[PDB]
């Protein structure tokens, strides 16, 4: 059999670092939406890194540093975003928790309170895989590894765009960019262009044991996160290839 689910009642929500980079204009409505979700779900909220990690990559690459050096430096920016988000939710009983606490004591912390915030980056650190000079196992990937290891009820990725398009909807070829309401990890894995999710996410989807689908939704539109956590189709669904036992 597939491994058991550890926390079958958990919902995991990954918040893009580029959403946090938009500041109060994006963060305040997201915080109000999360506040209203606290009584409805048991939430692990994980933040990505965003533009400050691009700056530390610029410096670190200019200094010649290897990919394992860059991994924890980017992760730090995801942790800072998590501390910011958690502070905004402190009056509701929400705090940031560290990676070892997420890995070993999440059950007690979600008994103590309704949601906690953590960094979405996984602790690959100096043992990041070589090949690219950019760390491959980033926030989407870390969040998925956790959600799948826990056997969580879902993982929802909250982005600054409606979902996945056929080209970058903010880039050079944006006029030919077409929205994809649904796709599979395998079909995405064989394309070459940019995506709003880590390419490594598609790889960990292939070896997944529990999570069957991940929805990417626009956190800049109030109510889409709430809808997605109820299974409503409001962004791009990514089918992982996992099927029910």
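Residue numbers count along the first chain shown, from 1.
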- Pick between 188-196 and 49-57: the one whose mean CA B-factor in the entry is higher. 188-196
- On average, are the C-alpha B-factors higher in 109-117 or in 123-131? 123-131
- Task: Could you check 167, 85, 71, 155 and tell me which one carries the biggest Cα B-factor in the deposited entry?
- Result: 167
- Note on the structure: Top Cα B-factor in this entry, restricted to 225, 15, 12, 237, sits on 237
- Message: Quick check for you: using the entry's CA B-factors within this chain, is residue 212 in the lowest, middle or highest third?
- Response: highest
- Classify residue 39 as lowest, middle or highest third according to the C-alpha B-factor given in the PDB entry, relative to its own chain. lowest
- Query: In terms of the chain's CA B-factor thirds, is residue 163 lowest, middle or highest?
  - Reply: highest
- Message: Please say which third, lowest, middle or highest, residue 136 falls into when its CA temperature factor is compared across its chain.
- Response: middle
- Item | Ranked C-alpha temperature factor of residue 142 among modelled chain residues, by third | lowest
